[PDB]
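What follows is a short report on a single structure.
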Amino acid sequence: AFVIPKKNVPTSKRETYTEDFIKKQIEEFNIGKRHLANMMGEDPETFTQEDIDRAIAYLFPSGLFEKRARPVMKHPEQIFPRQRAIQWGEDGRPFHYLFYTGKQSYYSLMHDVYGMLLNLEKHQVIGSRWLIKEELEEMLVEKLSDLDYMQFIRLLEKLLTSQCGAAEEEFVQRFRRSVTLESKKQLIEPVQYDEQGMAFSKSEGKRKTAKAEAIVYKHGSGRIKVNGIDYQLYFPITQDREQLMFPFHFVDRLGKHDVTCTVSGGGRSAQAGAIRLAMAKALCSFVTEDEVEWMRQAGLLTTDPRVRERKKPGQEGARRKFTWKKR
Amino acid sequence: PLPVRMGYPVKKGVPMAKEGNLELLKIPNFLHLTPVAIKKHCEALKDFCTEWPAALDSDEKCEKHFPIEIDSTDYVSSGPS
Amino acid sequence: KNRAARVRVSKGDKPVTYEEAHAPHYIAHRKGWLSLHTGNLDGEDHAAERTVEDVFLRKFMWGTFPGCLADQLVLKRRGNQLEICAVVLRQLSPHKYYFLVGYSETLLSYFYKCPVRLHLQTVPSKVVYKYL
Amino acid sequence: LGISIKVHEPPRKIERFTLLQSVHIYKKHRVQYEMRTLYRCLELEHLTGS
Amino acid sequence: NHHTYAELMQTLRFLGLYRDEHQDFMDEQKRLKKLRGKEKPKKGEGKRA
Amino acid sequence: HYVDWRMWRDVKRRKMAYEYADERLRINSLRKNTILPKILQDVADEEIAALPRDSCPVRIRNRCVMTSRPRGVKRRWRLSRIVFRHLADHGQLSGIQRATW
Amino acid sequence: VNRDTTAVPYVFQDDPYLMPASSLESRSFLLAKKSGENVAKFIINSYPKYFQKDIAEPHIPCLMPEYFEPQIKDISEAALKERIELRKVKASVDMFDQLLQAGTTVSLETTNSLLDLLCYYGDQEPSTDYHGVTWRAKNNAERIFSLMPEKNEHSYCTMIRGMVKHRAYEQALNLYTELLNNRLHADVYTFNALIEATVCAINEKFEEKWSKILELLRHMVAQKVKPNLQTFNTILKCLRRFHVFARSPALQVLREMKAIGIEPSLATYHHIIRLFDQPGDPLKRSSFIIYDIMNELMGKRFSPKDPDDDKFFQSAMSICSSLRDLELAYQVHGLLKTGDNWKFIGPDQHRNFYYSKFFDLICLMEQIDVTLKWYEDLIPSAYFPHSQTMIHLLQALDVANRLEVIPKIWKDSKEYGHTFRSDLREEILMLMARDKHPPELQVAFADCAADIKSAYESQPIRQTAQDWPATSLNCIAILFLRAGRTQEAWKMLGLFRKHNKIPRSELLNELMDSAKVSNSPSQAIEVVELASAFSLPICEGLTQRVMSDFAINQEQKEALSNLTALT
Amino acid sequence: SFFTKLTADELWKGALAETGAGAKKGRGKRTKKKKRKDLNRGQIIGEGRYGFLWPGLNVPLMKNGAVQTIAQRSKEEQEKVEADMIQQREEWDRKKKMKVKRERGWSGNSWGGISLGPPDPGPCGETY
Amino acid sequence: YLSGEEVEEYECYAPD
RNA sequence: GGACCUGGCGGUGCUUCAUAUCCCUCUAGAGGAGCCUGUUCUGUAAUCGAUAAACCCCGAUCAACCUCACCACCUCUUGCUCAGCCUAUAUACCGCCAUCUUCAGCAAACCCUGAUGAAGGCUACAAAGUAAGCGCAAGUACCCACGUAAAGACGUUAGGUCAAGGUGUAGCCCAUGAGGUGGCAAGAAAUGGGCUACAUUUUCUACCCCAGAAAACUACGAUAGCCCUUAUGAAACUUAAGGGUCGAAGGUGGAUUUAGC
Ligand SMILES: [K+]
Ligand SMILES: [K+]
Ligand SMILES: [K+]
Ligand SMILES: [K+]
Ligand SMILES: [K+]
Ligand SMILES: [K+]
Ligand SMILES: [K+]
Ligand SMILES: [Mg+2]
Ligand SMILES: [Mg+2]
Ligand SMILES: [Mg+2]
Ligand SMILES: [Mg+2]
Ligand SMILES: [Mg+2]
Ligand SMILES: [Mg+2]
Ligand SMILES: [Mg+2]
Ligand SMILES: [Mg+2]
Ligand SMILES: [Mg+2]
Ligand SMILES: [Mg+2]
Ligand SMILES: [Mg+2]
Ligand SMILES: [Mg+2]
Ligand SMILES: [Mg+2]
Ligand SMILES: [Mg+2]
Ligand SMILES: [Mg+2]
Ligand SMILES: [Mg+2]
Ligand SMILES: [Mg+2]
Ligand SMILES: [Mg+2]
Ligand SMILES: [Mg+2]
Ligand SMILES: [Mg+2]
């Protein structure tokens with residue numbers, strides 16, 4: 053007999069956190085929670101997780117861009133990854149009758165859903198979405214294929230199309246996650262009053278490097294002042310004046326409002342674009358809600374995100390490459 | 082005495098514990114400047130301070146009595162010099 | 036392929052520390068700086084001198100505590116104070132660690148003409164972040 | 102200490118510069134570095150020299 | 054002052070307070086080159102005479 | 028104990044230039060005006076030209092202080108691009124990071 | 078900010094591996110760090126050119142190398158003064174001889190400055206980093248003094264002080280006679296030395312010595328010399344020998360100080376404290392001397408005036424323990440805590456003696472609820488305890504009937520370097536196993552006994568045969584039984600035979616009760632077999648108990664018959 | 088130059104040349120191979136050529152209950168230390184040279200017939 | 295391989 | 001020699017393909033002119049490296065001296081260094097990178113198939129695969145979740161760098177080392193990249209977009225040549241800036257070819 057060199061070190065393997073470990077980790081978190089409250093001179097009883105996060109950010113200031121890499125004193129439940137419990141006892145018998153499938157939680161759910169579809173036969194959108202695979206993989210605490218996810222959803226949809234009762238509705242709702250839709254409705258600036266009592270609204274606009282702030286008066290004769298100058302003197306280019314016309318013309322209010330705006334930065338076109346957006350946003354305070362939605366759909370209330378692209382090293386421009394030398 | 086952790090965690094891992102944690106050693110911590118300490122420190126430093134003249138309530142009143150303003154700048158940097 | 040400060044994938048048997056496991060693009064994102072001073076701030080002077088001093092202190096401590104350092108040094112400057120924070124192992128007897136602290140603090144204080152302090156944190160073994 | 106203090110954050114400064122990536126040739130391949138300088142300004146008013 | 058740094062650390066190495074791993078490496082390579090017959094000649098007693 | 032002989036020549040050039048700076052500054056002032064007689068300026072031309080060649084500051088070269096590389100040096104840190112990056116890429120240069128934007 | 082009670086002193090490295098775990102390491106860790114400082118300074122001074130670049134602004138004079146060598150190589154007076162400032166005894170003598178042979182004039186001020194150097198060090202070189236009576240009969244000081252052309256008061260004074268410092272008491276008195284024959288006047292500092300020589304020159308009865316001193320003091324008044332604090336401190340320090348005879352004379356010195364206007368320092372009372380604290384019954388006198396000394400010192404901040412000021416608190420506490428007065432001890436400690444009086448405690452040996460006598464008096468005369476507050480405030484923050492204070496602490500827990508703290512004292516004892524103290528482990532086990540306790544406490548005492556057992560098993564004297572005292576083995580076994588860890592107790596019985604230690608009667612009776620519960624006859628015979636080996640009288644009576652109590656198999660009955668045959 | 092020196096790991100990685108196109112495809116063969124040697128192995132912290140005795144680092148801190156002072160070994164006493172360390176280095180090399188030979192198989196260069204020992208113990212405390 | 299392959312506890316507070 | 005497997009290759013099949021992408025299509029260019037600059041060749045007593053894609057304003061975010069490593073001449077020999085070498089070897093290497101990558105794969109440890117052959121291991125109404133880890137991804141930077149950066153494994157080209165530094169092996173040690181003085185770096189030419197042009201969507205001036213003149217041998221067009229001045233420097237026919245003089249080729253460029261969503 054002789055010796056072969058050992059292949060690897062047993063420490064070079066993934067670790068696991070037993071339930072006893074988490075139980076002691078929680079006892080440290082509760083004792084440290086009282087220490088941290090004592091450090092900051094706060095009542096330990098009313099010390100919340102939001103206070104812990106604030107105190108840890110002060111005591112251990114970290115500027116790392118990735119928040120996950122910053123100091124964290126969270127409850128062990130959140131910190132440690134959820135661990136599936138033992139699936140058999142001391143005698144070695146698995147607890148679940150589908151253990152030897154390797155996917156007892158997934159196939160137990162398919163068995164429960166398939167059984168419900170049978171009982172129905174014997175008896176006989195906008196605000197909700199289906200949970201994603203990464204959320205199903207957490208409800209089950211199991212790893213799932215892409216097709217496994219599809220098969221489960223195809224089976225739930227087949228359950229909605231049937232005459233599902235109340236018991237068959239609480240079940241499907243467990244796997245439906247509410248989808249929040251942001252409202253595209255434009256926010257209307259408040260209507261203010263000046264010393265003389267003239268109603269006006271104020272807003273701001275940005276185009277490239279130009280920034281504009283416009284004051285639109287409820288009543289007027291069509292005068293537009295840009296940095297104290299008549300708009301046609303400030304904007305001698307006919308296209309820059311057309312941009313100022315666009316918001317008012319689109320809602321049929323030429324010659325009905327007075328505007329005093331200030332713009333800085335950028336060029337002549339960027340300044341006209343910034344003023345167009347500033348006037349349009351302020352003008353929304355004096356038109357009907359339907360008119361404000363038509364301006365939105367006309368592109369009059371959206372900040373243009375198109376800004377200059379940086380030059381990269383090793384190329385002539387933002388996109389242009391150096392000549393590929395003749396070979 | 083805090084179970085503070087720091088470090089980008091590995092897949093299915095946790096931020097590294099404080100023991101032997103270089104990332105926590107790299108931080109300029111403020112453990113010596115807790116709100117309780119700052120307030121006790123400032124209670125001791127009140128004997129070193131003087132009272133601003135009450136007559137000088139506004140900037141315009143200071144200008145009337147003290148028309149000259151002298152600006153100087155001190156620079157605090159790290160190093161031997 | 037980029038090489039700079041990248042520990043390369045192997046067979047899964049090489050222990051790397053948190054610092055060694057992060058390439059340069061993660062600096063200021065996942066890992067901080069090993070030295071903190073004011074020389075590299077806008078409008079600040081003496082960056083060249085602070086850099087040479089730091090390169091020396093790292094070599095000085097490596098050879099003064101041979102086989103004892105368990106991670107890179109953290110160098111802190113406040114005013115004229117120079118603080119050296121080192122994670123060391125628990126192999127050398129404590130008497131030798133006190134000798135080398137007294138010796139190193141005094142020698143470096145006279146070399147750079149500033150109050151120097153050395154702070155040692157001991158670990159039973161090199162802290163392993165992952166096995167590459 | 103009873104001192105009137107106001108605070109604001111002046112705009113940050115980012116100094117960027119480019120260096121060659123390789124030790125030799127390969128001009129078109131560079132590594133870019135930056136130094137970020139952030140500011141906070143504490144403004145105290147109406148305080149004596151002591 | 055490269056003289057100060059080199060001379061200081063060399064002095065500390067002879068005093069036993071600084072371990073120069075690089076120098077130790079060079080000392081081992083120089084030791085094995087003598088045993089291999091590749092020794093530095095005496096000035097004036099080079100291969101050309 | 029300097030990196031190489033070329034760094035040593037620059038070290039000597041910087042020491043000699045420091046010693047002759049005042050002398051050279053004064054002689055140059057006589058040559059850099061239209062006030063003094065040409066007869067006096069012509070003599071000053073000979074006087075500054077007779078000083079040692081390595082007293083001339085234009086002969087000083089900013090080499091990398093750790094590798095003696097004569098080009099690719101960043102004046103602020105006095106390091107070659109290669110040495111700077113090695114220190115920067117290991118997070119040992121305070122406040123310096125890779126630039127993405 | 079106040080002292081952190083969970084931490085060791087600030088000078089130590091705040092790390093669990095580098096923190097001192099004992100009073101020995103507390104002393105040795107600082108000496109190792111100080112050694113490194115000396116090694117660094119030795120190198121800095123040996124190779125100063127490496128440490129001459131001054132980049133600090135403002136300049137730091139205390140971070141530059143020191144130059145101990147003379148830079149003037151000419152032979153002249155101004156070159157001798159340099160070697161005197163550097164304290165070069167040999168070089169200065171050689172430079173003085175050569176200068177004298179050449180015939181050049183050396184000033185008087187300089188000649189005296191050379192005597193001050195020789196007379197202080199005794200013509201010997203001061204200690205450096207690296208290269235009985237001590238008044239050498241052949242000494243440069245006496246020679247230069249004789250050759251001296253003109254001698255002033257200062258010349259004699261420095262000769263008289265140096266002789267007394269080096270224990271040449273008889274020569275210094277002889278020289279004091281010439282000074283008077285030459286119509287010269289000495290200073291207070293010379294008189295201080297002469298008082299010391301008068302007492303130490305010869306051994307005589309107190310009355311003879313007390314008459315000479317009063318003659319020196321009267322002489323000091325004839326010469327218009329005013330006595331200083333050290334004059335009275337030397338008198339009291341020198342009267343220590345006579346003890347009872349000097350008790351009333353010593354108190355006459357103190358009353359004289361107050362009137363004259365010199366203010367007694369901490370050293371003035373330390374010497375009075377030591378003088379009255381003679382072996383005997385201190386209640387007669389020492390009681391009211393220390394009570395009056397503290398009422399005077401109450402609420403006084405002290406400044407350094409005498410070299411022996413750092414010995415009062417160590418001396419004062421020593422009497423409080425002897426008198427067993429805890430109210431007095433708090434006043435002494437209260438005086439140590441006012442202002443900056445804590446700096447007069449003394450070196451590490453004086454700090455540990457003061458705190459040992461102080462804490463040992465707390466455990467004795469203080470309530471246990473307060474004693475455990477001092478135990479946390481002082482240890483390890485102020486000092487590391489000696490093993491005899493851990494015992495004094497256990498004796499205090501016992502008297503208070505608070506034995507649930509014993510497992511804590513053992514945990515702390517290990518952290519202070521007392522893991523392998525025999526007197527301590529025996530004390531802990533005896534108290535734990537002295538009487539039976541509720542099941543909750545008994546289980547805790549058995550977890551500690553196991554840890555103590557491990558200490559006996561893993562001693563560092565393991566190279567030598569393990570010494571398992573008889574009491575320790577009996578106590579450890581009894582604690583396992585009373586806790587229900589019978590399996591561990593039965594295993595230990597082998598160690599009574601291996602080490603040949605007599606089993607205790609109580610242990611044998613409790614083993615039977617554990618057998619009758621398990622109904623194991625073999626184990627019951629194993630007990631009778633053990634007591635039979637030692638020929639204990641209870642065994643013969645125990646054999647009767649085993650017969651009735653347990654069913655005896657024919658093999659077991661014959662086994663008992665075999666022991667009966669031995670009977 | 089002091090600043091041009093590297094660590095022992097960097098020097099051995101270069102000198103050994105274990106990574107490279109030679110070692111990728113075994114394009115280079117190694118009848119003579121550079122072998123890594125640990126040069127900090129027999130080195131004692133505090134020991135230098137000058138033979139200084141630093142209290143608390145290489146000699147005991149206290150001797151006869153008193154703190155030792157800085158001392159230096161005599162020229163003769165230091166030669167013995169140097170000679171003793173050289174002998175210890177050949178003794179260490181001689182111990183490594185003394186490696187137990189294994190029996191050959193069907194032929195000197197053949198693997199056939201050579202014993203590999205018992206199979207490794209299985210995960211469930213199984214042994215063979 | 296046939297030449298040979300020879301690459302070739313208790314803790315205390317305040318130890319001695 | 002037989003049979004089979006893998007790889008390579010096929011003026012090899014079929015199907016779907018490439019998004020600034022292989023072709024056409026879209027816009028501005030290169031290829032012609034002058035100049036700037038790199039390389040080649042030639043020349044010189046007079047460096048070196050890169051040199052198909054992946055070299056050619058490349059190492060250099062830079063050479064009048066210095067830098068410098070080159071040539072000629074002279075000088076020094078324990079030498080700035082407990083020496084030194086920009087000497088050989090990038091086919092011994094570390095270090096830092098190019099390339100596919102404008103990729104998505106690599107793979108420890110097991111398990112099963114082929115009779116336990118080299119080899120192979122997928123079917124979702126599923127038929128032997130499970131896989132830590134690395135990469136992609138995610139996340140972070142910049143102005144968003146977009147975009148652009150950054151990142152981009154293993155492996156491919158013994159790809160590039162011994163002249164960044166360090167270093168294995170081999171070589172020099174009165175010389176292949178060190179120092180000084182002066183000097184080289186030109187163009188008969190070919191070629192790559194770039195700049196300015198050839199003009200009327202132009203030229204000049206005012207203005208910074210409601211103008212007046214110019215407009216073919218006194219127009220457009222040199223950032224070139226020649227002369228002068230100034231700036232830097234010890235040193236400038238030489239480097240840069242400005243002025244004067246001069247007013248050339250060029251009249252929108254064949255095959256071919258670059259970049260951009
Ligand atoms: K094929
Ligand atoms: K063209
Ligand atoms: K390579
Ligand atoms: K190299
Ligand atoms: K080489
Ligand atoms: K040469
Ligand atoms: K071109
Ligand atoms: Mg462009
Ligand atoms: Mg790249
Ligand atoms: Mg230059
Ligand atoms: Mg053979
Ligand atoms: Mg062309
Ligand atoms: Mg070339
Ligand atoms: Mg070539
Ligand atoms: Mg090549
Ligand atoms: Mg190629
Ligand atoms: Mg040249
Ligand atoms: Mg050469
Ligand atoms: Mg290669
Ligand atoms: Mg994105
Ligand atoms: Mg990129
Ligand atoms: Mg990515
Ligand atoms: Mg090659
Ligand atoms: Mg030359
Ligand atoms: Mg011209
Ligand atoms: Mg000039
Ligand atoms: Mg013209």
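Protein chains in written order, with the deposited numbering: chain G, 53 to 176, 194 to 396; chain 1, 82 to 162; chain C, 36 to 167; chain H, 102 to 151; chain Z, 54 to 102; chain K, 28 to 128; chain 4, 78 to 208, 235 to 670; chain D, 88 to 215; chain a, 295 to 302, 312 to 319.
Every residue gets a Cβ at the ideal spot worked out from N, C-alpha and C, and that includes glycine.
Three-state class that DSSP yields for residue i in the structure shown
i              : result
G265 (chain 4) : helix
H109 (chain H) : strand
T68 (chain G)  : coil
Host beta strand (DSSP E) of residue i (start-end)
i              : result
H154 (chain C) : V151 to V158
Closest Cα partner of residue i within the set the options
i              : options                                                           : result
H72 (chain C)  : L114 (chain K), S121 (chain K) and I87 (chain K)                  : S121 (chain K)
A71 (chain K)  : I54 (chain K), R112 (chain K), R105 (chain K) and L63 (chain K)   : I54 (chain K)
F355 (chain G) : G154 (chain G), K287 (chain G), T249 (chain G) and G274 (chain G) : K287 (chain G)
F112 (chain G) : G88 (chain 1), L112 (chain 1) and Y89 (chain 1)                   : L112 (chain 1)
Extent of the continuous alpha helix (DSSP H) to which residue i belongs
i                    : result
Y158 (chain G)       : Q156 to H175
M533 (chain 4)       : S525 to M535
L669 (chain 4)       : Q657 to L669
residue 61 (chain 4) : Residue 61 (chain 4) cannot be examined here, being either before or after the span of chain 4 that is shown, 78 to 670.
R454 (chain 4)       : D451 to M468
Own chain residues within Cβ distance below 7 Å of residue i, not counting five before or after
i              : result
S247 (chain G) : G196 and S197
Sequence-distant residues of its chain with Cβ nearer than 6 Å to residue i (five each side left out)
i                     : result
residue 218 (chain D) : Outside the shown range of chain D (88 to 215) lies residue 218 (chain D), about which nothing can therefore be said.
Spatial neighbours of residue i in its chain, beta-carbon cut-off 8 Å, leaving aside the 5 residues before and after
i              : result
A636 (chain 4) : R600
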